[PDB]
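Worksheet for the structure shown next.
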Amino acid sequence: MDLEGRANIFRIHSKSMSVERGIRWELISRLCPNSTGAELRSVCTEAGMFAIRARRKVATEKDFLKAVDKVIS
Amino acid sequence: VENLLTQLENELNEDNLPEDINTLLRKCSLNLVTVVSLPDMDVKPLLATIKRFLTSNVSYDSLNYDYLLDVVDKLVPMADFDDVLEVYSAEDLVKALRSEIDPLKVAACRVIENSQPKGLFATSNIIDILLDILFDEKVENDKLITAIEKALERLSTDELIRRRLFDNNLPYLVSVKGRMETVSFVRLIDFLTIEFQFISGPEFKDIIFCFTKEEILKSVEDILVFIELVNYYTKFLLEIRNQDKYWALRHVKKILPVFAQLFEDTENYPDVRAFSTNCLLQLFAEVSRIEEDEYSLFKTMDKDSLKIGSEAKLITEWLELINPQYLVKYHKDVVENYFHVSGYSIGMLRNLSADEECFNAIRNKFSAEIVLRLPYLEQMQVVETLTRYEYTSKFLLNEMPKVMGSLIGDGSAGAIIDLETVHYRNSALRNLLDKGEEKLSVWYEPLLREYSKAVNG
């Protein structure tokens, strides 16, 4: 799945967690091409952790990059 | 059920649009995926009709455009292009792209993708147009961005189409590379990586590919852009080492040392580090594998910035990515004072044992006892690796007797439902058998049977 499904997966798996608006999914996904469908999910769950790891109750676009770099390496 | 749904659709469209036309498309599409080639029919009464539905400024409720498009995307490639061009003349596309209809755009986008000569529209403006919609920060519709991208990657094979890209748009590209605007910029980067694959030495302007030492530092202000670039370069060096394009090294050899510094300097540029640390290590692991003389460029980056060894927090990281040859020579003391056979080091073991010389530095840490201590799941991973090279196999086949057996008989090797363990184990046998009966002394019989029992079930 590369027709930017990665983008959708995020949008979908996101509307089930505390995440602020914005967060250009088109880009955040361009950082995870070879990421098999399941990988996208593993990033989201981690993203929320950084927000908690810090303090905020909502995840910002930057928390995702901090996760993608920690996940997809 | 091919030609059945073929006309079942074409006719349901000329009607008043039944409330199941969305379902008819849904399934009739999968039937196309199966059968490769199409019958001896005329695709004019269909495409010339769907085009009317997509170009129609009027939409319909009982019609899921997403499906209707999936049908077109899988039809244009099958049927001959000469017939397709008859429904979509060279001029039709130009309009389809300039229209205010997204569903219509994505259509022509894939029609251009399957253009017969990959250098047909090479003398048109349609190519410049797509590039204009791609780097158009406004366009958010993904279904279009990709449709166009995948269309370029297929045509960028021809020599002519590339000229229309890096000669008839060279100024526009350099332009977007100048505005460096998150959305627009990123789209250009992923694009360049794709073009560098079908490009030669001459047709290579370092005014659109290579980045000035300044540009990098100026992107750090928008991490998202910085990370996207570090990966771009990492892939750029990758593409070079695999396709033996050692000519490009002369270019992307001035900025590489820049990243090393940004990585080390945490005081200033705190973001870079704990915000892209990993994606960076991915590059340093590629620079170490660069075709140079006596590892010149890297030898310095290490001695200057990436002081491998100094930082323990990274020791493991280093020995898991950085070239094993370079490691066993300029950092032999490291690979010798830390790599310990375990499910944990299972990572290092894979990269370290990549060079016979390097391996001969860790082979003193190996022993059947330390290997059989860790659970089967990890054993197979370690064993399978020791069988990915010849110098390692000889070791496992001799100095390591016990282990070899812990791979074959146990009473019922089939009692392994763990898909992962099965993978590695079954693999550790595949390459272990290629060794030939000659080498595989008394383990050939048990192997050829244990593997055979696994290959079947």
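Heads up, the Cβs are rebuilt from the backbone with ideal geometry, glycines too, and the neighbour counts pull from every protein chain shown. Basis: the model, the stated rules and, where named, an outside source; nothing here is a laboratory result.
Does residue B:228 satisfy being free of Cβ contacts under 8 Å to residues at least 40 places away in the same chain and either of a type in the set (D, E, K, R) or part of a loop (DSSP other than H, G, I, E, B) (or both)? It is false that residue B:228 is free of Cβ contacts under 8 Å to residues at least 40 places away in the same chain and either of a type in the set (D, E, K, R) or part of a loop (DSSP other than H, G, I, E, B) (or both).
Between B:152, B:192, B:188, the distinction of being part of a helix (DSSP H, G or I), more than 12 Å from chain A (Cβ to nearest Cβ) and either among the aromatic types (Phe, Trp, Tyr) or under 15 Å from residue B:210 (Cα atoms) (or both) belongs to B:192 only.
Answer yes or no as to whether residue A:17 is of a type outside the set (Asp, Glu), over 24 Å from residue B:234 (Cβ atoms) and touching a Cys at 6+ places or on another chain (Cβ under 8 Å).
Values: of a type outside the set (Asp, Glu): yes; over 24 Å from residue B:234 (Cβ atoms): yes; touching a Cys at 6+ places or on another chain (Cβ under 8 Å): yes.
So residue A:17 fits the description; yes.
On inspection, residue B:258 passes the criterion of being away from chain A (no Cβ under 14 Å), of a type outside the set (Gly, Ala, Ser), part of a helix (DSSP H, G or I) and surrounded by 15 or more Cβ atoms within 10 Å (Cβ to Cβ). Within the range B:127-148, the set of residues being farther than 13 Å from residue B:105 by Cα, within 12 Å of another protein chain (Cβ to nearest Cβ) and touching a residue at least 40 places away in the same chain (Cβ under 8 Å) comprises B:137 only.
Scanning the range B:197-214 turns up one or more residues that are within 17 Å of the chain's Cα centre (by Cα) and more than 14 Å from every other protein chain (Cβ to nearest Cβ). Evaluated against (1) in contact with a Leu (Cβ under 7 Å, 6 or more places away or on another chain); (2) more than 17 Å from residue A:4 (Cα to Cα); (3) among the charged types (D, E, K, R), residue B:102 falls short on exactly one condition, (2). Tell me yes or no: at least one residue of the range B:318-326 is assigned by CATH to the domain that holds residue B:223 and polar (S, T, N, Q). Looking for residues that are assigned by CATH to the domain that holds residue B:223 and polar (S, T, N, Q), one finds none in the range B:318-326, hence no. Inside the range B:268-297, residues that are free of Cβ contacts under 8 Å to residues at least 40 places away in the same chain and either assigned to a loop (DSSP other than H, G, I, E, B) or closer than 20 Å to residue A:73 by Cα (or both) make up a count of 12.
Answer with yes or no whether residue B:154 is buried (at least 20 other Cβ atoms within 10 Å of the Cβ), touching a residue at least 40 places away in the same chain (Cβ under 8 Å) and under 23 Å from the mean Cα position of the chain (by Cα).
Working: buried (at least 20 other Cβ atoms within 10 Å of the Cβ): no; touching a residue at least 40 places away in the same chain (Cβ under 8 Å): yes; under 23 Å from the mean Cα position of the chain (by Cα): yes.
The answer is no for residue B:154.
Condition check ((1) small (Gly, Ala, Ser); (2) surrounded by 18 or more Cβ atoms within 10 Å (Cβ to Cβ)) across all residues:
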| site | (1), (2) |
| --- | --- |
| B:2 | no, no |
| B:15 | no, no |
| B:55 | no, no |
| B:74 | no, no |
| B:78 | no, no |
| B:90 | yes, no |
| B:94 | no, no |
| B:101 | no, no |
| B:104 | no, yes |
